[PDB]
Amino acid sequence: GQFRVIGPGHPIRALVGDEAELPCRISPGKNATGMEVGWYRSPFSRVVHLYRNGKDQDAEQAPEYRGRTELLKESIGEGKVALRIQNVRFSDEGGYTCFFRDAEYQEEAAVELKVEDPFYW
């Protein structure tokens, strides 16, 4: 085996109508720009976002995420990425799984999203 994939040890907190950033990275950090990086949605494992061969693969993500997601690559050269989901809604709450795949090697990490409507604060 090679690297492990890890996410934050806390849930991500987002507000309805705003953006949420779900981070994940490989450890130890190394260049992931050339790897396949993906995010899937619990519990049917629908694809939230898939990056491969240096491109976001719009056609491979589930229809509902089209136009709502971006993979932030600022730190991908150091093995870290963040899935940015726009216009968050309560239905986005829950579990997500991130994965980094290098050739035949792949690892994953679980990320949880909590959502609140600030109007009701």
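Counting begins at 1, following the sequence as shown.
- Judged by mean Cα B factor in the deposited record, 99 to 107 ranks above the other of 99 to 107 and 12 to 20.
- 2 to 10 and 112 to 120 differ in mean CA B-factor, and the higher of the two is recorded for 2 to 10.
- Across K73, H49, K30, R84, the entry's maximum B-factor at the CA atom is seen for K30.
- The residue among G67, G77, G54, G38 whose C-alpha atom has the highest B-factor in the PDB entry is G67.
- In the PDB entry, a CA B factor belonging to the highest third of its chain's modelled residues is recorded for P43.
- Per the deposited record, the Cα B-factor of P63 falls in the highest third when ranked against the other modelled residues of its chain.
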